[PDB]
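Chemist: Shown below is the structure under consideration.
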Amino acid sequence: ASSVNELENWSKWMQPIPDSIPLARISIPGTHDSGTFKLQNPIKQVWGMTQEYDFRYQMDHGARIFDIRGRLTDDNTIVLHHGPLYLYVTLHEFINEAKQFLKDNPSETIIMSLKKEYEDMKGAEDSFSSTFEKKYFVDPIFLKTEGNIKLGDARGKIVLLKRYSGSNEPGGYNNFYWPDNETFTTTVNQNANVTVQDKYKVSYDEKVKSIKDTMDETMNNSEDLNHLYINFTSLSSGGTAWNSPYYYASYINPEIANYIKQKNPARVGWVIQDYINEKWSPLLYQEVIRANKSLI
Ligand SMILES: O[C@H]1[C@H](O)[C@@H](O)[C@H](O)[C@@H](O)[C@H]1O
């Protein structure tokens, strides 16, 4: 499209953006541990809970990237897990919400990151990858194209970001290095590069700095369409009391929203965050979406 007013529409913000823009260049908000919104048991919350509303609320709020952690069970299905604890949500449940959303708003698309969160249940017939690829990925909403995925080829489909090994079906983003608790950079495809800031378990100070620092690198490298930037603003720690990802999120979100507001960047990258809601006055997900003004 041509009007900027279109980015203020959360359910369809990707509509005004050109069909030829690679998904890498787009500033896409996302959610960290997307399926933890059903954890309503106090002690489970202060540790696991990273969202308070459902996938659809999340999507109607501009979120187009979901952090999906699963696990194989006896019934040979894949469900959502937060470490060793079962979130009362399943993979099918995600894929259906994404479909209803996607049919109501065909101009959009969604990136689903899948990571094998826990070890498979003893009575599983197949491995994790094979089960996901033979029982789910074979579904047509999943885009089976690889390479520097353009927006045009992805509208209506579900782009996959692989955080599991042993894949056999071609499609979406190929699995890559991803070391533990740091910011790194690797190659994804022949034509692609990834800079990830994933410092979970770090002090607030270092966390805030890592976000802005990685954010500064993208603002500058803005016109490099073949280079993804994933920027997790989430920081989980030994919560228990006001130290839970909610407390941190109540500071880290407004903080980073404004930082983007004043800097008026032309690119912010893929900002994966916790607690997406409408409480934190400045709104991170909205600022990240707005920084796409430069593509229209
Ligand atoms: O607990 C962490 C955290 O949630 C990171 O953001 C995630 O990417 C890591 O894989 C996980 O071990």
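Naming scheme: A, B, ... for chains in displayed order of the structure tokens; residues 1 onward per chain; ligands 1 onward as shown.
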Using only C-alpha atoms, which residues sit within 12 Å of residue 104 in chain A once same-chain residues fewer than 3 positions away are excluded, as a list in words?
Modeler: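 That gives residues 11, 12, 56, 59, 60, 97, 98, 99, 100, 101, 107, 108, 109 and 156 of chain A.
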Chemist: Around ligand 1, out to 10 Å and counting only C-alpha atoms and all ligand atoms, which residues are there? I want them as an NGL selection string.
Modeler: :A and (32-33 or 48 or 50 or 67 or 69 or 82-83 or 115-117 or 163 or 178-182 or 196-201 or 231-237 or 272-273)
Chemist: Could you save the residues just selected, with C-alpha atoms, as a CSV table (one decimal), in the first residue's frame?
Modeler:
chain,number,residue,atom,x,y,z
A,32,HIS,CA,8.9,-14.9,24.1
A,33,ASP,CA,7.5,-18.3,25.3
A,48,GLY,CA,7.3,-19.8,33.9
A,50,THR,CA,5.8,-14.8,30.2
A,67,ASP,CA,8.4,-18.6,20.4
A,69,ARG,CA,8.6,-24.7,22.6
A,82,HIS,CA,8.1,-24.6,29.8
A,83,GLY,CA,11.1,-26.7,30.7
A,115,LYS,CA,12.3,-25.6,19.6
A,116,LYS,CA,12.4,-29.1,21.2
A,117,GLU,CA,11.9,-27.9,24.8
A,163,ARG,CA,15.2,-24.5,16.5
A,178,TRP,CA,22.5,-20.4,18.5
A,179,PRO,CA,25.0,-20.7,21.5
A,180,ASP,CA,23.6,-20.5,25.0
A,181,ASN,CA,23.0,-17.2,26.8
A,182,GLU,CA,24.8,-14.7,24.5
A,196,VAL,CA,20.9,-12.9,17.8
A,197,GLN,CA,20.9,-11.2,21.2
A,198,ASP,CA,19.6,-13.9,23.5
A,199,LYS,CA,21.1,-13.1,26.9
A,200,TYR,CA,18.5,-14.6,29.3
A,201,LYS,CA,20.0,-15.0,32.9
A,231,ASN,CA,16.5,-9.1,19.6
A,232,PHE,CA,15.0,-10.8,22.7
A,233,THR,CA,14.1,-8.1,25.3
A,234,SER,CA,13.2,-10.9,27.8
A,235,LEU,CA,15.1,-11.6,30.9
A,236,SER,CA,14.0,-14.4,33.2
A,237,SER,CA,15.8,-15.0,36.5
A,272,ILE,CA,10.8,-10.8,20.7
A,273,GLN,CA,9.4,-9.7,24.1
Chemist: As a count of residues only, which residues of range 51-169 of chain A does DSSP assign to strand (DSSP E)?
Modeler: 32
Chemist: What parts of range 122-196 of chain A does DSSP call helix (DSSP H, G or I)? I'd like the answer as a PyMOL selection string.
Modeler: chain A and resi 128-135+151-154
Chemist: Could you please determine the separation between CA of residue 247 in chain A and CA of residue 47 in chain A in Å, to one decimal place?
Modeler: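 Computing it gives 11.6 Å between the two atoms.
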